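J.:
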RNA sequence: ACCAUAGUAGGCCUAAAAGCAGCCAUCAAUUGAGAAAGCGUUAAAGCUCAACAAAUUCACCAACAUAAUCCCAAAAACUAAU
Ligand SMILES: [Mg+2]
Ligand SMILES: [Mg+2]
Ligand SMILES: [Mg+2]
Ligand SMILES: [Mg+2]
Ligand SMILES: [Mg+2]
Ligand SMILES: [Mg+2]
Ligand SMILES: [Mg+2]
Ligand SMILES: [Zn+2]
Ligand SMILES: [Zn+2]
């Protein structure tokens, strides 16, 4: 029938939206897909969301290919910040080093996307750095000793920014 | 009696119309049309960084590696092309595509001028170091409508039958 | 349409004032006779019921939450402004027809009876009578303007007076045409 | 295979605050109490003011004369604002607000009795004058595309030109005048009073050189 | 549905990349293990057109990207 | 058919042809795009 | 010249291309320095619809035109020769350059009206019922305007509208 | 490729193109081979078998198409244009099929 | 059918009577004669 | 004509914003493809553009109905014309 891209949480498998209508239009039974997803993801319990491709055949049968989880969630977990910056470039969302980028690249090199390509890990590192640039997380070359002080200052800065943003949102809601 | 400026174009006097007609512009007309005339000398083109990089890459390819196979590039699906790329990199032989406009002059200037009829249409250069044609023949046999045109194995220009014989050797 | 500049006189007649009066009369008649006779048993949606709140008039859908319990049962709920429940009940009970609700607390059950009374002909006749009265009022306003012109007919040229009378007659004709169009639209809506 | 060409880059140009065209009043804040004669010389003849670029790179060039009023101003403003990207483009006017009053008779239609009553104001524009000047980090192609509609909707004929386009057309006109083949030209004949042509010509024709007739300007008249 | 970190774990390792069931977080291997291509690459300022060498493929890739941007800007007046 | 003084294509499948001494914008996907130059 | 030959032999279709001998250019052109064929044979501003020997050199056997990328003429001469070929075909010249239709040659129609220097198509021009007055008159176009640059020995300009 | 894809190629069994790439008149033959080996043609029908025979001394490019009407279309294309071969092939297969 | 409003050579809409080659040649000849006259009236 | 794969559903609000109600970044893989220039979905999906590989005629704007008694000299593209 076709192919469907679905980003699903590792520990979450619900027969509802947005997974509901997409499989209902295809006619594939949602319960079987949920059971297969639970069987294939019950070996992982850290709740890292991942994208997957569902190949629905014309006979209403489906196949599942599970790839590596999301780069955005990888960067968020590596930096320690729950949500990314609203205005990228004007504000800093987080701070990581080259070690996290290299580790993410070497653990994502086995995905279905970069498995077919045969470029070295340098290209994957560049892709991760570009994704971090888009997310707003700053990367530094060498600050292993200063990362503690950098973290202790950036946490205060980010909590102050979050408080200011919450105040601005409350003011906008009251004005609207 | 109309005003000095009107909207109906203010049709002029007959003498003024005659004056305009006499004073109408006449473009200069050359005796011989210069379009089909023997053209001016050649304004020679200037080599750019892109063509220089292409020439350097082609020279490096023809210098370093040993197996340089020429195949007819077939318009296949992206997934199949990537799968073929992965299967070829399993044997560590890569593929490249070069434009004919830069490939033909380099080929005719170099010692591989016998490959000119092979590079008329779509082309694909299979580059392999330490050639092993057995795996290449096996992986090409899986696709029926992707024909091996020819190539050179250590400065030995061979056709498809020559490649088959070398693989069997 | 002979229209004067309406600024070259400015003293013996105020065409701007005449137009303002005509437009005010038209608007008042329109609003009143519509909202009075737009009931047609079921006045479009009952969400537009005027309920008193803060010494003002607001629709039921404005100060209420109106849903449809059944196709003939309107379910009102007092959540947005739960302070005029009695006023809302009274307004629903007397809204054009006999729409007696049931005071089930915040919920309000409104059955929809009738829609077979065939009083639309009488409503049309009442609308025609009101339109005739509005025409009479417009004629009175035009006569007052003509009397002002006659009072001014001392030094001002009767040519200018005739031009102003033609302008006023044209405005009156346009206003009565608008009234007739509104009457026709209301008659179509009723029937 | 095709070569790669560099693209223009715009960094020196800075977008000013409020890039959109400002609103223009229908009438001046101080109305003209005294009725003025409708001089047609403000339209007749070539333009001498607002004929060159000041800060923008593109402009709306008028090839003829006419009157612009609040309707035309509003049309131009709305069209440019809705079809212009404020983040990369800015626009400015080159003509003043409508100030010249136009009178209609009104009360009574027979000839005579005095002047009429002021109805609206217009801005006189001569041929060769810029109307709207635009600039920014944008290419002329899109600017010309979305300004051609404004040029067409303007009463007088108009074009969406740039600095390069205006310079090219002026140089083409100069070259045509230079290499015109026939020895007889309107300017020369008018200056020399050949055939007594001054009887049928006009004193302003000595300056117009035959390129201007009333409010109509012919660019190919040399 | 998951939980993030806050203490020295963030600086000492990555605690969100461990994907399987067991909480076996990978440690931060010493700097000597990481090759030079991790450190030689730029991080913050993207390369511009004039910064790159015209005899380099990255310059032509950036020029192609700029050509696509120019074409997209020009084709914003599509009436189709 | 719509008679116009200026003809312009409303989609990429409209083709302009000179027939019977006039110009015609013919479209097959959208029959409403039939334009005839007056 | 290349010819396509189709052979049917027992539900089998054979399509083959056959190359035949073709005439070549004359050895001595008056102006060898000219890039363009007509411009180098000095027939520019000389040919007309009456000159059939030049127009018949490059036209398809069914009366079709020939591509400029193959012919080699300049754009203006290509357009002029296309106009002249159309005029000759409408006038009745090139009798042998029409498709052979054995079925359609039996039902004869009205006799072909003799014409020459025809600009438009005979089936596309509506009669002018008004014809205009002296000052505003709808003149009847005769001949193609592209031929206004031909040499005039008499010196009188060619009347393109009468 | 689009013309062959839109014509419904489900009614073909075998298409083989036998040619010698080292000749001076194989441009049209290779263009035809690439057109008939396009991805759209492949996805139109999977029951067809496409064969590319490469020779060195044959010097006679040709195309043989066997389809289930018991029909064998043989085109000895040595001077024909690739577009002409494509349109003739399409016209024959649509007429008989 | 086609009427000329007003008088033939007075009103706003006049006869569209064009200029002829004979008139052009006559004007050119007169211009040449006057140019020769103004040359002879120079020194 | 010639085809369209990769991080990725780039990050925020919204029931949903997956190139496309909106705001900010606009990186990076394959020689070769814009966090996407037009259609389309509630959200997708899907259909086109430019990018490589195949060639390379030229390719910027310019065309516009009508009245009444009956259309209105007929006609003519080349024998030499300041
Ligand atoms: Mg006068
Ligand atoms: Mg206009
Ligand atoms: Mg008369
Ligand atoms: Mg007149
Ligand atoms: Mg790339
Ligand atoms: Mg494309
Ligand atoms: Mg009509
Ligand atoms: Zn269309
Ligand atoms: Zn030529």
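Residue numbers (the entry's author numbering), protein chains in the order written: chain BK, 17 to 192; chain BJ, 29 to 197; chain BG, 71 to 261; chain BQ, 30 to 251; chain Bq, 59 to 138; chain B9, 63 to 100; chain Bx, 35 to 196; chain Bp, 2 to 98; chain Bt, 9 to 51.
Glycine is no exception: its CB is placed at the ideal position from the N, C-alpha and C atoms.
#1: Any chance the CB of residue 14 (chain Bt) is under 7 Å from a heavy atom of ligand 3?
#2: Residue 49 (chain BJ) versus chain Bt: which residues are under 7 Å apart at the beta carbon?
#3: Identify the residues that DSSP records as bridge partners of residue 118 (chain BQ): which are they?
#4: Taking residue 149 (chain BQ) as part of the alpha helix (DSSP H), name the residues at either end of that continuous run.
#5: Less than 8 Å between the C-beta atoms of residue 119 (chain BK) and residue 72 (chain Bq), yes or no?
#6: Here's a check: name, in chain order, each residue in its chain whose Cβ is nearer than 7 Å to the Cβ of residue 163 (chain Bx), leaving out the five neighbours to either side.
#7: Beta carbon of residue 94 (chain BJ): closer than 7 Å to some heavy atom of ligand 5?
#8: Hey, would you say the C-beta of residue 54 (chain Bp) is under 7 Å away from at least one heavy atom of ligand 8?
#9: Taking only runs of the alpha helix (DSSP H) that begin and end inside the stretch 53 to 103 of chain BK, which ones reach a length of at least 4 residues, in chain order?
#10: For the stretch 74 to 140 of chain Bx, list the alpha helix (DSSP H) runs that are entirely contained and at least 4 residues long, ordered along the chain.
#11: In chain order, what residues of the same chain lie with their CB nearer than 7 Å to the CB of residue 193 (chain BJ), ignoring the 5 residues before and after it?
#12: Distance, Cα to Cα, residue 178 (chain BG) vs residue 165 (chain BG)?
#13: Output the residues surrounding ligand 8, defined as those with a CB atom closer than 7 Å to any ligand heavy atom, in chain order.
#14: At a cut of 8 Å, does the stretch 8 to 21 of chain Bp reach the stretch 55 to 73 of chain Bp through at least three beta carbon pairs?
#15: How would you call residue 152 (chain BQ), buried or exposed, if buried means at least 16 neighbouring beta carbons within 10 angstroms?
#16: Please state whether DSSP places residue 88 (chain Bp) in a helix, a strand or coil.
#17: Give me the Cβ distance between residue 75 (chain Bx) and residue 24 (chain Bt), rounded to the nearest whole Å; I'm assuming they're in contact under 8 Å.
#18: Would residue 10 (chain BK) pass as an interface residue toward chain BJ - the criterion being a Cβ-Cβ separation below 8 Å?
#19: Between which two residues does the beta strand (DSSP E) harbouring residue 85 (chain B9) extend?
#20: Between residue 31 (chain BJ) and chain BQ, is any beta-carbon pair separated by less than 8 Å?
#21: Give me the residue from 254 (chain BG), 182 (chain BG), 250 (chain BG) and 240 (chain BG) with the minimum Cα distance to residue 138 (chain BG).
#22: Going straight from the alpha carbon of residue 46 (chain BJ) to that of residue 32 (chain Bt), what length do you get?
#23: Mind checking whether the beta-carbon of residue 25 (chain Bt) lies closer than 7 Å to any heavy atom of ligand 4?
#24: Distance check for residue 128 (chain Bx) and residue 11 (chain Bp), CA to CA, integer angstroms please.
#25: At what residues does the alpha helix (DSSP H) containing residue 64 (chain BJ) begin and finish?
#26: Helix, strand or coil: how does DSSP classify residue 47 (chain BJ) here?
#27: Quick check on this structure: which residue in 25 (chain Bp), 4 (chain Bp), 7 (chain Bp) and 88 (chain Bp) has the alpha carbon closest to the alpha carbon of residue 147 (chain BJ)?
#28: Can you tell me whether residue 32 (chain BJ) is helix, strand or coil according to DSSP?
#29: Give me the Cβ distance between residue 155 (chain BK) and residue 112 (chain BK), rounded to the nearest whole Å; I'm assuming they're in contact under 8 Å.
#30: How would you write the range of the beta strand (DSSP E) that residue 144 (chain Bp) sits in, first residue to last?
#31: Along the stretch 193 to 204 of chain BQ, what residues have a CB closer than 8 Å to any CB found in chain BJ?
#32: With hydrogens ignored, establish whether the beta-carbon of residue 19 (chain Bt) is closer than 7 Å to any heavy atom of ligand 1.
#33: Nearest-angstrom Cα distance between residue 148 (chain BG) and residue 156 (chain BG)?
#34: Buried or exposed: residue 130 (chain BQ), going by 16 or more other Cβ atoms within 10 Å of its Cβ?
#35: Please tell me whether residue 36 (chain Bx) has its Cβ less than 8 Å away from any Cβ of chain Bp.
#36: Is residue 82 (chain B9) close to chain Bx, meaning its C-beta is less than 8 Å from at least one C-beta of that chain?
T.: On the basis of the coordinates in this document:
#1: Taking the first residue of the ninth chain as position 1, residue 14 (chain Bt) is located at position 6. The answer is yes for residue 14 (chain Bt).
#2: One-based indexing of the second chain puts residue 49 (chain BJ) at position 21. Result: 27 and 32.
#3: As a position in the fourth chain, residue 118 (chain BQ) is number 89, starting the count at 1. DSSP lists 165 (chain BQ) as partners of residue 118 (chain BQ).
#4: As a first step, residue 149 (chain BQ) must be located in the fourth chain, where it is residue number 120. Counting along the chain, residue 149 (chain BQ) falls outside any alpha helix (DSSP H), though it belongs to the beta strand (DSSP E) covering 146 to 154.
#5: As a first step, residue 119 (chain BK) must be located in the first chain, where it is residue number 103. As a first step, residue 72 (chain Bq) must be located in the fifth chain, where it is residue number 14. Cβ distance < 8 Å, so residue 119 (chain BK) and residue 72 (chain Bq) count as in contact.
#6: Taking the seventh chain and counting its residues from 1, the one referred to as residue 163 (chain Bx) is at position 129. Cβ neighbours of residue 163 (chain Bx) beyond the five flanking positions: none.
#7: Numbered from 1 along the second chain, position 66 holds the residue referred to as residue 94 (chain BJ). For ligand 5, not one heavy atom lies less than 7 Å from the Cβ of residue 94 (chain BJ).
#8: Within the eighth chain, numbered from 1, the residue matching residue 54 (chain Bp) stands at position 53. No, Cβ of residue 54 (chain Bp) sits at least 7 Å from all heavy atoms of ligand 8.
#9: 87 to 95
#10: Segments of the alpha helix (DSSP H) lying fully in the stretch 74 to 140 of chain Bx: 86 to 89, 102 to 105 and 109 to 125.
#11: Along the second chain, one-based indexing puts residue 193 (chain BJ) at 165. So no residue of the chain qualifies.
#12: Against the third chain, residue 178 (chain BG) aligns to sequence position 108. Against the third chain, residue 165 (chain BG) aligns to sequence position 95. Rounded to whole angstroms, residue 178 (chain BG) to residue 165 (chain BG) spans 15 Å at the Cα level.
#13: 71 (chain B9), 72 (chain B9), 73 (chain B9), 75 (chain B9), 76 (chain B9), 89 (chain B9), 91 (chain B9), 92 (chain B9) and 95 (chain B9)
#14: yes
#15: The residue labelled residue 152 (chain BQ) in the question sits at position 123 within the fourth chain. Flag for residue 152 (chain BQ) reads buried.
#16: Start at 1 with the first residue of the eighth chain, and residue 88 (chain Bp) comes out as number 87. Three-state DSSP puts residue 88 (chain Bp) in a helix.
#17: Here residue 75 (chain Bx) refers to the residue found at position 41 when the seventh chain is read from its first residue. Here residue 24 (chain Bt) refers to the residue found at position 16 when the ninth chain is read from its first residue. About 45 Å; that fails the 8 Å criterion.
#18: Residue 10 (chain BK) lies beyond the residue range present for chain BK, which begins at 17 and ends at 192; the question has no answer from this structure.
#19: Here residue 85 (chain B9) refers to the residue found at position 23 when the sixth chain is read from its first residue. 84 to 88 is the extent of the beta strand (DSSP E) around residue 85 (chain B9).
#20: Locating residue 31 (chain BJ) in the second chain gives position 3, where the first residue counts as 1. True, the Cβ-Cβ gap to chain BQ drops below 8 Å.
#21: Taking the first residue of the third chain as position 1, residue 138 (chain BG) is located at position 68. For residue 138 (chain BG), the nearest C-alpha among the options comes from 182 (chain BG).
#22: By one-based count along the second chain, residue 46 (chain BJ) stands at place 18. By one-based count along the ninth chain, residue 32 (chain Bt) stands at place 24. In a straight line, the C-alpha of residue 46 (chain BJ) is about 7 Å away from that of residue 32 (chain Bt).
#23: What you label residue 25 (chain Bt) is simply residue 17 of the ninth chain in a count that begins at 1. Not so, every heavy atom of ligand 4 lies at least 7 Å from the Cβ.
#24: As a first step, residue 11 (chain Bp) must be located in the eighth chain, where it is residue number 10. As a first step, residue 128 (chain Bx) must be located in the seventh chain, where it is residue number 94. A straight-line Cα-Cα distance of about 46 Å links residue 11 (chain Bp) and residue 128 (chain Bx).
#25: What you label residue 64 (chain BJ) is simply residue 36 of the second chain in a count that begins at 1. From DSSP, residue 64 (chain BJ) is part of no alpha helix (DSSP H); its letter is neither H nor E.
#26: As a position in the second chain, residue 47 (chain BJ) is number 19, starting the count at 1. Here residue 47 (chain BJ) sits in helix by DSSP.
#27: For the purposes of this step, residue 147 (chain BJ) is identified with residue 119 of the second chain, where counting begins at 1. Comparing Cα positions, the closest option is 25 (chain Bp).
#28: Counting from one through the second chain, the residue named residue 32 (chain BJ) turns up at place 4. Coil, per DSSP.
#29: As a working mapping, residue 155 (chain BK) is identified with position 139 in the first chain. As a working mapping, residue 112 (chain BK) is identified with position 96 in the first chain. Between residue 112 (chain BK) and residue 155 (chain BK) the Cβ distance is about 6 Å, and since that is below 8 Å, they are a contact.
#30: The first residue shown for chain Bp is 2 and the last is 98, placing residue 144 (chain Bp) beyond what the model contains.
#31: For the stretch 193 to 204 of chain BQ, which is checked against every Cβ of chain BJ, not one residue is closer than 8 Å.
#32: Counted from its first residue, the ninth chain places residue 19 (chain Bt) at position 11. No, since every heavy atom of ligand 1 falls outside the 7 Å radius drawn around the Cβ of residue 19 (chain Bt).
#33: Working through the third chain from its first residue, we reach residue 148 (chain BG) at position 78. Working through the third chain from its first residue, we reach residue 156 (chain BG) at position 86. Answer to the nearest angstrom: the Cα atoms are 11 Å apart.
#34: In the fourth chain, the residue the question calls residue 130 (chain BQ) occupies position 101. With 16 or more other Cβ atoms within 10 Å, it is buried.
#35: If you number the seventh chain from 1, residue 36 (chain Bx) lands on position 2. By this cut-off, residue 36 (chain Bx) is an interface position.
#36: Position 20 of the sixth chain, counted from the first residue, corresponds to residue 82 (chain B9). It does: the Cβ of residue 82 (chain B9) has a partner Cβ on chain Bx nearer than 8 Å.
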